[PDB]
2 protein chains.
Amino acid sequence: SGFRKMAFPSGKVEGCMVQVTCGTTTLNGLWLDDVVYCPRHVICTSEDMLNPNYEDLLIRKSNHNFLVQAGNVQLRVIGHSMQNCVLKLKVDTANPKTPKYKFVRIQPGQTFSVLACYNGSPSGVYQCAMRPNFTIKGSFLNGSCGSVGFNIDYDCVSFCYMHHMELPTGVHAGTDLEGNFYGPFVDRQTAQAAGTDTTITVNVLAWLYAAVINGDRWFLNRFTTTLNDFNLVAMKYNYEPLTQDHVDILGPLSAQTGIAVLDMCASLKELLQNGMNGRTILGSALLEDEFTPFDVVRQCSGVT
Amino acid sequence: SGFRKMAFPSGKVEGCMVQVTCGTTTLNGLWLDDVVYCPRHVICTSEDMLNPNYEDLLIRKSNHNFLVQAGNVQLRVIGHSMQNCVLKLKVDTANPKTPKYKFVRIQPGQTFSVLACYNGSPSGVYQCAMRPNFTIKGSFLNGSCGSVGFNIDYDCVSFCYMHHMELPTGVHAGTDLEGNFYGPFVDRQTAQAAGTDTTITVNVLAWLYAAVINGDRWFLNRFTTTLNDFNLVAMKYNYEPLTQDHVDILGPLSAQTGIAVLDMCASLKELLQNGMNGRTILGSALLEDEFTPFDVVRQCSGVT
Ligand SMILES: *CCC(=O)N(c1ccc(C(C)(C)C)cc1)[C@@H](C(=O)NCCCOC)c1cccnc1
Ligand SMILES: *CCC(=O)N(c1ccc(C(C)(C)C)cc1)[C@@H](C(=O)NCCCOC)c1cccnc1
């Protein structure tokens with residue numbers, strides 16, 4: 001029993017972290033096979049940040065201008081190319097610690113773990129969610145760029161995020177491992193405001209199921225609702241609309257607890273309308289939305 | 001910016017996890033040098049749990065009765081001894097992945113990361129605190145016993161906890177790596193009720209400093225207090241008494257933000273008396289107490 005915000009074990013990703021320096025800018029890189037992936041803004045100088053022309057800035061850079069260090073040993077760069085907002089630095093050595101891996105582009109609401117690094121060294125690991133406005137609420141300081149987000153299926157690490165920047169509001173923006181940003185953000189020091197950070201409704205429902213499985217049942221009401229009635233309340237509270245795909249995804253949680261998904265929606269509706277009244281659910285005073293239905297099943301079943 | 005509940009990178013501990021089986025009971029073991037540490041209740045059968053005499057049960061066990069598996073390869077057990085509530089299984093092979101390590105016994109309020117394992121394989125990592133009643137609120141299912149808690153100082157892993165059991169209330173109990181339980185708990189299936197789970201006041205204050213550093217300042221009031229006045233309010237709200245040692249420990253956070261520790265105590269006092277009024281601090285609707293002042297400094301400075 002007990003339910004925690006849990007990240008994947010980070011060892012497989014720790015063995016991929018390298019330090020990338022270009023000029024006087026140092027950030028993190030991800031070393032998979034003989035390629036090191038890093039944010040292309042590693043080539044930007046103090047002020048280039050305002051309006052960078054990456055193709056132009058890259059012309060003044062050769063293989064020898066990218067310094068890659070793995071541990072305390074230097075890697076030889078034999079090629080470099082820009083793919084969208086990431087630089088791919090071909091090195092002469094395949095990473096001996098390369099795990100089985102995939103590059104995936106996740107949808108909003110999906111969770112992943114982040115291994116926060118500085119100077120190619122890991123400092124910590126935490127669990128995140130891709131917000132519905134395509135930002136992430138991470139914990140990233142200067143030099144954390146190039147830190148990655150990932151999920152693990154047994155022995156296969158699926159990399160889904162690479163950190164690039166912090167918006168003026170303190171929220172974070174980044175790309176998938178093909179260099180495409182999540183959302184409308186650009187790697188440029190300009191006014192970029194995020195959209196509405198709505199609550200991931202399917203995730204809140206999964207976490208309410210986790211609470212029931214763990215003995216926290218006080219919020220269970222005597223009511224039911226429909227997807228249409230529930231969604232009218234959800235829109236009012238800045239919650240994402242719930243679809244029949246979400247109801248289907250919650251099916252195993254509904255089966256395990258005997259609580260129909262629409263009954264849990266009605267309980268959530270009452271929590272939104274009445275508040276918590278100073279009560280807590282799984283040690284939290286607000287409705288948690290950074291656990292997917294898959295995360296609830298995984299944690300509640302002990303998937304290794 | 002951003003402040004997250006962050007665990008230490010788990011790779012160094014992942015390389016120590018093994019599976020230990022005795023009879024029909026399988027749990028996790030920690031392999032450091034040529035010794036495997038595991039809960040001594042691995043020798044208990046279905047029902048022994050009620051009133052086990054470990055010395056007596058151990059007489060019926062030889063080296064060959066402890067099956068240790070690291071990855072998918074078997075380790076040879078050449079010795080076994082009981083130290084308090086842990087079994088130390090001497091194996092013929094030193095763990096090639098042994099990191100620099102220490103065994104430390106932590107005090108209540110101290111935080112650590114837990115690498116939750118099943119069948120010697122890691123499933124997830126999360127950040128915990130040793131509660132003032134010597135329990136931990138973890139996420140542990142059947143088979144998680146032998147999973148460890150740890151802190152990391154650069155390259156030295158300090159192991160502080162080993163999971164042993166779940167109390168009837170769903171909270172967790174375990175030992176340090178010398179087999180001594182934290183608190184009054186025993187490895188026996190009996191009525192063991194935990195004491196008052198008070199709030200770790202120094203940790204709440206550290207987290208209020210983290211919130212100020214991260215832009216969440218709405219709770220900052222125009223008041224100050226004394227340690228004696230503050231403690232009268234703290235006792236009333238089931239908060240741990242704050243000492244001059246705690247004020248000293250928060251000194252760097254006070255210096256960085258320019259907010260005197262007693263002024264932050266007065267702000268905390270008003271939050272206790274007035275409530276949050278539907279507001280949030282660092283995305284939380286309650287006062288977080290599982291970040292030590294050291295954790296706040298580490299995360300806010302980027303210690304690797
Ligand atoms: C990667 C270095 C860094 O820390 N950092 C940053 C990121 C991008 C850029 C470019 C503008 C693309 C050259 C410069 C510096 C910052 C950061 O994002 N600063 C603001 C950039 C403009 O915002 C619109 C950083 C700080 C904290 C966390 N993550 C990144
Ligand atoms: C280690 C196996 C296990 O899952 N487990 C457990 C622990 C200890 C014992 C003894 C009674 C010491 C033989 C048996 C089984 C349980 C657990 O603690 N069950 C209740 C034991 C008595 O409580 C007073 C376990 C389940 C979930 C999380 N952690 C442990």
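Scroll up a little and you will see the structure.
The text that follows walks through the structure, step by step, so that each part is easy to find.

Turning to helix α7 (residues 293-301) of chain B, a few remarks are in order. All names here are of chain B. Considered for burial, the residues of α7 that qualify are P293, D295, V296, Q299 and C300. Each buried residue of α7 lies within a common arc of 160 degrees when the element is viewed along its axis, so the set occupies one face. Where the residues of α7 are buried, they touch β9 (111-118), β10 (121-129), α3 (201-213) and α5 (244-257).

On inspection of all chains with the given rule, the structure shows zero disulfides over all chains. No disulfide involves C38 of chain B; its sulfur sits 8.3 Å from that of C22 of chain B, the nearest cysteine. In this structure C300 of chain B is a free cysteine whose sulfur lies 16 Å from that of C128 of chain A, the closest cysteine sulfur available.

The subject of this paragraph is the nonpolar core. Side chains of a nonpolar character, in soluble globular proteins, are inclined to be buried together. Counting 40 residues, the largest nonpolar core has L30 and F159 of chain A together with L30 and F159 of chain B as its most contacted members. Once residues within four sequence positions are removed from consideration, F159 of chain B is found in contact with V13, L30, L32, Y101, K102, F103, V104, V148, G149, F150 and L177 of chain B. Of all hydrophobic cores here, the second largest spans 36 residues; its members include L208, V261, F291 and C300 of chain B.

Counting across every chain of the model gives 16 aromatic pairs over all chains. Relative to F140 of chain A, the ring of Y126 of chain A has its centre 6.0 Å away and its plane inclined at 65 degrees; by these criteria the two rings are edge-to-face. You can see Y126 of chain A sitting in strand β10 (residues 121-129) and its partner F140 of chain A sitting in the loop between β10 and β11 (148-153), a full 14 residues away along the chain. Grouping residues by exposure puts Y126 of chain A and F140 of chain A together as buried. Connected via pairs of aromatic rings, a cluster forms that spans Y37, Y101, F103 and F159 of chain A. Lying across the ring of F291 of chain B, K5 of chain B places its NZ or CZ 5.3 Å from the centre. When the ring centre of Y182 of chain B is taken as origin, the NZ or CZ atom of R105 of chain B, which lies over that ring, is 4.5 Å away.

All names here are of chain B. Around ligand 2 lies a shell of 19 residues, among which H41, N142, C145, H163 and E166 are the nearest. The side chain of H163 places a nitrogen or oxygen atom 2.8 Å from a nitrogen atom of ligand 2. Here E166 contributes a backbone N or O atom positioned 2.8 Å from an oxygen atom of ligand 2. Looking at the shell around ligand 2 element by element, the count peaks at four residues for strand β12 (residues 156-166). When the residues that make up the shell around ligand 2 are grouped by side-chain class, the tally is seven nonpolar, nine polar and three charged.

All names here are of chain B. Counting buried positions over the eight residues of β9 gives eight, a clear majority of the element. Alternating residues of β9 divide into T111, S113, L115 and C117 and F112, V114, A116 and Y118, and every residue in both groups is buried. Note that β9 and β10 share eight bridges and pair antiparallel. Directly across from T111, in β10, lies its bridge partner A129. Taken together, β9 and the strand that follows it, β10, pair antiparallel across an intervening segment of two residues, in which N119 is found at a positive phi of about 55 degrees. Note that β9 and strand β11 (residues 148-153) share three bridges and pair antiparallel. Looking at the pairing, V114 lines up with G149 of β11.

The rules behind the values
Residues numbered from 1 in each chain as written, not as in the entry; some residues may be left out. Chains lettered and ligands numbered in written order. Heavy atoms only, no water. Buried < 20%, exposed > 50% of the residue type's maximum accessible area, 1.4 Å probe, protein only. Helix = DSSP H or I, 4+ residues; strand = E, 2+ residues; numbered from the N terminus. Arc of directions from axis to C-beta. Contact = heavy atoms within 4.5 Å. Disulfide = S-S within 2.5 Å. Core = buried A, V, L, I, M, F, W, Y, C linked by side-chain atoms within 4.5 Å. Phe/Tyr/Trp six-rings, centres within 6.5 Å; stacked < 30°, edge-to-face > 60°. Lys NZ or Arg CZ within 6 Å of the ring centre and 35° of its normal. Near = heavy atom within 4 Å. Polar contact = N/O pair within 3.5 Å; in protein donor to acceptor, adjacent residues only side chain to side chain. Nonpolar A, V, L, I, M, F, W, Y, C, P; charged D, E, K, R; others polar. Pairing = 2+ DSSP bridges.

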